[PDB]
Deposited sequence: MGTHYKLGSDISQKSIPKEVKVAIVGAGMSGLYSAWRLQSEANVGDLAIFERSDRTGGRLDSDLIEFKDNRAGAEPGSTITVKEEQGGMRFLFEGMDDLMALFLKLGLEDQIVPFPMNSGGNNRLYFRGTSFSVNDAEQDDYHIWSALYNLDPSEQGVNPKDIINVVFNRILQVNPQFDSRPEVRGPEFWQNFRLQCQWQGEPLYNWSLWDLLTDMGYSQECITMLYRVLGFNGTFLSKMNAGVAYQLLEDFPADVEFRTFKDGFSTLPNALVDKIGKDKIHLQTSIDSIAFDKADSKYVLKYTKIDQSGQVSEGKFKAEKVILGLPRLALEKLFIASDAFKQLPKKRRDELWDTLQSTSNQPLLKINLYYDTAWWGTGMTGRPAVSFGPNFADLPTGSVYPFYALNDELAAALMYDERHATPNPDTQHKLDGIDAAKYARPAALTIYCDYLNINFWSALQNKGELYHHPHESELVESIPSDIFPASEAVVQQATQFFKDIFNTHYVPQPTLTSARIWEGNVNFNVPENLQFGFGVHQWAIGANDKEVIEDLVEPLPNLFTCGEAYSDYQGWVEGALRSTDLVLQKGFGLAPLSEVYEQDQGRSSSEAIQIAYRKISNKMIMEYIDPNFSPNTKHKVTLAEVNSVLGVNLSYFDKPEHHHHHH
């Protein structure tokens, strides 16, 4: 059942569409809105899974493993809009550490060699000079520090151009700093380092050892690439939600109501009734028996919270756009082209127990963070069965305290216990590595462990299994990476390739947009962003794909915030938060987390902890 006419139509039930709805309901009384979503699920590029494995330990019990098919981490600083969102939805009590290292034990596979992070530090970083035919100025330093030093040189040469480095910083950085008279957004990073005199060997080392080579090889420009590279310092304290990033959209859905959200309802095109001055949205819904329907309705205001690919599709097919003048239609198409599509993927393999601990490898145990490799892997992130004690031990560790032997010893048993509970690995890769897995996942039968109901009762709806080819090659690279003969067969598998599709012969449950976007070369994104708020009268665009903060949910909320500003008069949520609370969302979130971490620690770790 679909309304006649709504005050605002919301196209897209990702984070951008949901956020708009909740803010207009709550902050603007607007209750005559509805959300139209083409998939059978809400939340878009945020997609968590919770598997209740059958406890089949010697001892009808269930053990839950959280995992991510999309978004996974966030930060307390630089995401004020997202922090305020958390604080206002009362979700901060679920916030849990996302750790990024294992004390140097994380894995590294390059040029047919498997080793650890601590290994790579040996001997003035000798191994890198041995695997890569580096220039003298490029030897004897840690790879990541090369990107670091280059950043510092860029800043030294642009004095014309700050403790917390947020989207303002990153927009001005790429739009105002230059190199050899050319500003950074007219540069590719690949051309940048080369022009700076780095060897091609060094440059391949950089994009292989950073796991995500699109920053170098894609058409994305150097300035936005840097924004991404300097988002993962050594001392990052990422956090996540215990039950997954889907906590946030689900929490938004409860507070919107499933009755204003219309699933399996793709908005096909939009015209504008010149008479009663209302947009007219042609759509296609599948009902619950699976029998299609094609309708149409009006709306005074239209909100498209859609990425680059979806927006071109509507633009092509909509009378509201075609009947625009040649110059403005072509100008507006042209500025759609100014953000580059970044494919991403994540393939999760669950195991009844974890085999990368010292008990199973005979090598120093791997715990948390990315295991990088120049194999199609890109990077590999371990995920563990949910467990309160473990998060407390992780919370103790975010504090760089000095445990006394009693507490150190208990942290040991905790660090080792997790290997006995179920767990999973994610292969998270980008640009260059995608095609390898593409062809793999679409060829041959799909993988299923035998007796797949004897462990795992419900299997979530959003889980498409990895192809048997994908598991096969993933199992061989894992042996390579973790330097062990022993990698068993997954209990469960999921594959998800965030790469937009233009083929009609693809089911809905397999159609997914481009995982991330990043500003293209030559793209003045100050003009692009502002021209895409209200490009037609009362028709708005918002979302991550053309934000200040590409690749992150904060990007979606800031881009939506401009829509809620220009079309509805709401100021930025972070500014709203401060006025109502007398302090920032950054400050409020830290104080709140400190208390829960403080508790969790005295409860499980050191009952005598003092901050």
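Note: segments 1 to 14, 74 to 76, 179 to 181, 632 to 663 of the deposited sequence have no C-alpha coordinates in the structure.
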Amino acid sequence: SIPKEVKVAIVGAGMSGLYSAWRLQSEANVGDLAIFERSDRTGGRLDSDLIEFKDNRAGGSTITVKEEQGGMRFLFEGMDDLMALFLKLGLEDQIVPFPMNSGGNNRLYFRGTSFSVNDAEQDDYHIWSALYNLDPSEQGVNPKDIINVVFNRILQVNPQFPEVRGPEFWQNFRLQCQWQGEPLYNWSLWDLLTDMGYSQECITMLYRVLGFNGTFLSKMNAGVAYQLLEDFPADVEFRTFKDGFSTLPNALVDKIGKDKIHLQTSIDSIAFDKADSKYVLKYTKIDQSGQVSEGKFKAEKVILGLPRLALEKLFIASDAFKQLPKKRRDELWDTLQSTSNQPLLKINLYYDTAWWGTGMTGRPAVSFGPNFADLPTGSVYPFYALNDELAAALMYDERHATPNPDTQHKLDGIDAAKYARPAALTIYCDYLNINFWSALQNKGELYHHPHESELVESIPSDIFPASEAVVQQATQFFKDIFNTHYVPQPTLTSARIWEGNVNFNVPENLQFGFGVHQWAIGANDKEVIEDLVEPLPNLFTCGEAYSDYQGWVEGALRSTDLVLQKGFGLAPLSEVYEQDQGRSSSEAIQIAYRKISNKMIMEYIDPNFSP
From here on, numbers count along this sequence of modelled residues.
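Here the stretch with the larger average CA B-factor, out of 205 to 213 and 454 to 462, is 454 to 462.
According to the PDB record, 402 to 410 carries the higher mean C-alpha B-factor of the two stretches 345 to 353 and 402 to 410.
Among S114, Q94, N158, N101, the highest C-alpha B-factor in the deposited entry belongs to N158.
Highest C-alpha temperature factor among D480, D145, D195, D231, as the PDB entry reports it: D231. Split the chain's modelled residues into thirds by C-alpha temperature factor. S48 is in the lowest one. Annotation for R583: CA B-factor lies in the middle third of the chain's modelled residues. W179: CA B factor in the lowest third of modelled residues in this chain (values from the PDB entry). Among the modelled residues of its chain, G555 has a C-alpha B-factor that falls in the middle third according to the deposited record. In the deposited entry, the Cα temperature factor of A317 places it in the highest third of its chain's modelled residues.
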